[PDB]
């Protein structure tokens, strides 16, 4: 329904990013395509995923100094220390997931913005990732220029 929403589909049916169009005859009946040339999104995902290495390396490089002379494992203490470190890694994870989410959503906004200025101002934004086009002076080669499917 346009970049503020994620919908679910059943059985087969591809997940991902598609072009969707609406009315026409009054009343129309919808339509959802089968992929565009969203090459930007693929590369952006790549960059965003690689950028997580910085936060992981920070965590991996931190190992507490210790010294134990004792001959038998202090298991309960060992487990508690691990549990604490796992908790910290859990916070970092939640931070990283949101960081990806927010920066992907923004990359998606930047994609949609290029489409707006591509047919501007024929496009007319209806919230992020949605547009209203006047089918009267944008035919089909016009629409294919602006949205590329």
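Numbering follows the first chain given and starts at 1.
As listed in the deposited structure, the average C-alpha B-factor of 137-145 and of 12-20 is greater for 137-145. For the pair 79-87 and 55-63, the record assigns the higher mean C-alpha temperature factor to 55-63. When the C-alpha B-factors of 35, 107, 46, 94 are ranked from the entry, the top spot goes to 35. Ranked against the other modelled residues of its chain, the C-alpha B-factor of residue 68 as given in the entry falls in the lowest third. Among the modelled residues of its chain, residue 113 has a C-alpha B-factor that falls in the middle third, as given in the PDB entry. The entry lists a Cα temperature factor for residue 50 that places it in the middle third of the chain's modelled residues. When the modelled residues of the chain are ordered by their C-alpha B factor, residue 41 lands in the middle third.
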